[PDB]
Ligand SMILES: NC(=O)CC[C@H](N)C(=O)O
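This document opens with one chain alone, in structure tokens, the form solved without the ligand.
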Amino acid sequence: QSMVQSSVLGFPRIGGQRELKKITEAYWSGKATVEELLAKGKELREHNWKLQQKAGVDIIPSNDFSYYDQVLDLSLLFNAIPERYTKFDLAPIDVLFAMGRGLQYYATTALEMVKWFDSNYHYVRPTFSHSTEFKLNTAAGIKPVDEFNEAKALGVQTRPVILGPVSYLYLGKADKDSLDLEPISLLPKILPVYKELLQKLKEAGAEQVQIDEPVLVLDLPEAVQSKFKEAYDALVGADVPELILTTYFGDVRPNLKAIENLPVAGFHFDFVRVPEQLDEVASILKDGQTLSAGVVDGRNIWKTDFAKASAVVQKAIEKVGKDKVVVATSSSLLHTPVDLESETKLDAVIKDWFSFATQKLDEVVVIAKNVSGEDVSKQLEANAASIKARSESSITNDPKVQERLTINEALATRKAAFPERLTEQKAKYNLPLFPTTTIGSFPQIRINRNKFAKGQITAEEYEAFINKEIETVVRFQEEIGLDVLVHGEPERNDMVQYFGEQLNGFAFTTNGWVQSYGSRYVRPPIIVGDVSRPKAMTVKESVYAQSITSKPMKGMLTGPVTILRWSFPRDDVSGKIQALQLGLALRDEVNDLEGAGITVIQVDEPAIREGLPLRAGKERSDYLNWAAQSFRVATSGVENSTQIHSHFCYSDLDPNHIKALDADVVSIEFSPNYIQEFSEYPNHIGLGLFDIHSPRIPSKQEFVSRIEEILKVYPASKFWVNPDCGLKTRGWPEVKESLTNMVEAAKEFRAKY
């Protein structure tokens, strides 16, 4: 324990080879027994605790492990279990899984999955009723207490991590039988349950608890933020551990007044995202409260600059004293891959710039020792050379050249306004009124794709297999009589990795898995440098699909903002600069598609709202502006007769931003008074006419009446006819009938003209 302690806010639990996914999925399909699942959990926790102890981390977390989601874990522990999950005599591990994955696997719905702030993790929404009885569920045991005791038996003193009451309630929602319930009003009922838990943790031997209150980086209603004082007045006492109120991902300053007189033992703040909040946040400390300074990024894969991170910490030190500063990860390392050392195919120069969760443990320790005065000179020197090698690999380290060298409006504008383009597109494609199309995906080829990865087939044979599947999908759309076709994207794994693995300025990993939801993990690409496009990324398969039909075939691309958001970004330049470079890369792909005869092109940005900055203000309004501008740069090089499409199904869509794209045609998921939101849409628009989830083939008449309802709002000149989203989750027969009814409905309308 150095004078200045080191701290980790959580550790990824998935395992270095995805052991957690393997044993959990095996348990669901009735392979693994309950004991084997629990033994694997125990073994992961032990390994991870020991890894952190061996690296020298002073404050090591417990309760950060989960078989599914830590928020779900708290719902189970506090008995926030809707009544429908208790009716099948399920063991507690199965109640957890039924809430997480859904009840249908136990019957004779899952809870809502929600983004965790602006990370790429998702949690299971706490759901509350007037009938909810909050109590400590000793049924299974008490997860925090049992896992604290497990670590202690191993000779590892840990700090339990729990999501705090205010955040837990605020992030939850009223169940359907209680739509009047304001979750925050439940605080008096849930606080005694937190108190009992905290008492039990003190009794087990915990000296300090990390109590996460991240909603403090959000714009909080007064009815919510005015409660921090009475919540923590109630929790703090001599019978519970010291409480470290922990925030991350943002700026708490706007909420400072709410937490300026809390009886807690100290705070944690994110000084990676918001280093500038230091002065103000430090000023609220009283009574020997401690400041945990988050300076090792828990959400990115870059070696930390030890000189710069040490200097931020040294400012904290100057402000509250060495005995009251802690060096910490900025957030849980849940959001980074487990271990860089399992990567064997990375360029050696680039691998030297990275640090994954396991390596971050060494980094916080190095920084804590640095400011404490210990000799880590060798590590500082190595680190200073890595940082320099990295800064020298981009066009300029200088922000003056960097700010100036990054979009003239011309680059972001088509050559003519839509009405003029429409005249040329009509003449080129001769589409009728109510033209029909689909969004992209069709029912699925699994084997052969894996065989080609395994080396069992050659590229030529894989190519022949891709081409037969494209052919089958194209011919099926022709038989149905759709007007604008898609190729089914059989060649693509994932709409981001497919691009991230081809673009310049990117690296990709073999094992760089991060948990996204439950047992579903992602392996995000990494932007390491200035981005450009080195080859034709999608042209081959599109040109093949277009060569077998006389109907127009959509090219299909992912837009720049979505590639950026589903990748690990550079931490040395703005997101804006990266999006614009990605925009210019995609512009070359679009221009190539067009040049190869693919003149109808869909460019999809499903991650927009996900990347929305957490507070209303300047960063948010800039984001929307540059987000749109990036899309326009990608799409504005084309001739007037080339038709740009874009599809939108991504939760709470912003029609103002959609309008800023100047896309020729948009499709919008749609199947109460919602049609009015897009009533002023300027170009062409296809409001989805059926729900690709709903379990029923809509009749022709059902299509006809839905088209009639839309025609009360839109002109027929603007209207495209298409489903809500892709069809890969349906069976072929339901897809044939649905789409056949859709086209026949369309034709009826054409005739009535």
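Rigid core (definition): largest C-alpha set, two forms, superposition within 1.5 Å. Start at 1 and count along the sequence shown; that's the residue number.
- According to the entry, the deposited sequence has 4 to 9 residues without coordinates between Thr108 and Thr109.
- The deposited sequence places 1 to 3 unmodelled residues between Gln444 and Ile445.
- Comparing the deposited coordinates for 332-340 and 278-286, the stretch with the larger average C-alpha B-factor is 278-286.
- The PDB entry reports B-factors from which the mean C-alpha value can be compared for 676-684 and 218-226; the larger average falls on 676-684.
- The maximum CA B-factor among the listed residues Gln199, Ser651, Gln497, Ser386, taken from the PDB record, is found at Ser651.
- Taking only the listed residues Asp664, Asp362, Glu318, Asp483, the entry reports the highest CA temperature factor at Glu318.
- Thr642: CA B factor in the lowest third of modelled residues in this chain (values from the PDB entry).
- For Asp691, the recorded CA B-factor ranks within the highest third of the chain. Only modelled residues enter the ranking.
- Among the modelled residues of its chain, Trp28 has a C-alpha B-factor that falls in the highest third according to the deposited record.
- Per the deposited record, the Cα B-factor of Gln53 falls in the middle third when ranked against the other modelled residues of its chain.
- Among the modelled residues of its chain, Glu46 has a C-alpha B-factor that falls in the middle third, as given in the PDB entry.
One more form of this protein should be noted, the form solved in complex with the ligand, which is absent from this view; the next part is about it.
- The pocket of the shown chain is open, since the ligand, superimposed from its pose in the entry with it bound, puts no atom within 2.4 angstroms of any backbone or C-beta atom.
- The putative spot formed by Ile439, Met556 and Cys649 is fully lined by the ligand in the entry with it bound; each residue has a non-hydrogen atom within 4.5 angstroms of it.
- The shortest heavy atom separation between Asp297 and the ligand in the entry with it bound exceeds 4.5 Å.
- Although the partner is absent here, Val721 sits far enough away that none of its heavy atoms falls within 4.5 Å of the ligand in the entry with it bound.
- Looking at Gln602, you'd find a heavy atom of it within 4.5 angstroms of the ligand in the entry with it bound.
- Under a 4.5 angstroms non-hydrogen atom cutoff, the ligand in the entry with it bound has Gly726 among its neighbouring residues.
- When you look in the entry with it bound, the only residue of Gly529, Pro606, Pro82, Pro552 with a non-hydrogen atom within 4.5 Å of the ligand is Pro606.
- Out of the listed residues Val224, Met495, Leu612, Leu584, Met495 is the one that sits within 4.5 Å of the ligand in the entry with it bound by at least one heavy atom.
- Look at 412-420, 232-240, 88-96, 487-495: in the entry with it bound, residues with non-hydrogen atoms within 4.5 angstroms of the ligand sit in 487-495.
- Counting a residue when any of its non-hydrogen atoms is within 4.5 Å of the ligand in the entry with it bound, there are no hits in 735-749.
- Only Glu461, out of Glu318, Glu280, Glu196, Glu461, shows a C-alpha shift of 2 Å or more between the shown form and the other one on alignment of the rigid core.
- In the core-superposed comparison between the shown form and the other one, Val473 has its Cα shifted by less than 2 Å.
- Fitting the two forms on the rigid core leaves the C-alpha of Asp146 displaced by under 2 angstroms between the shown form and the other one.
- After superposing the rigid core, the C-alpha of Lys400 moves by 2 Å or more between the shown form and the other one.
- Compared with the form shown here, the Cα atoms of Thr396 and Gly529 move at least 3 Å closer together in the entry with it bound.
- In the entry with it bound, the CA atoms of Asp622 and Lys400 move apart by 3 angstroms or more relative to this form.
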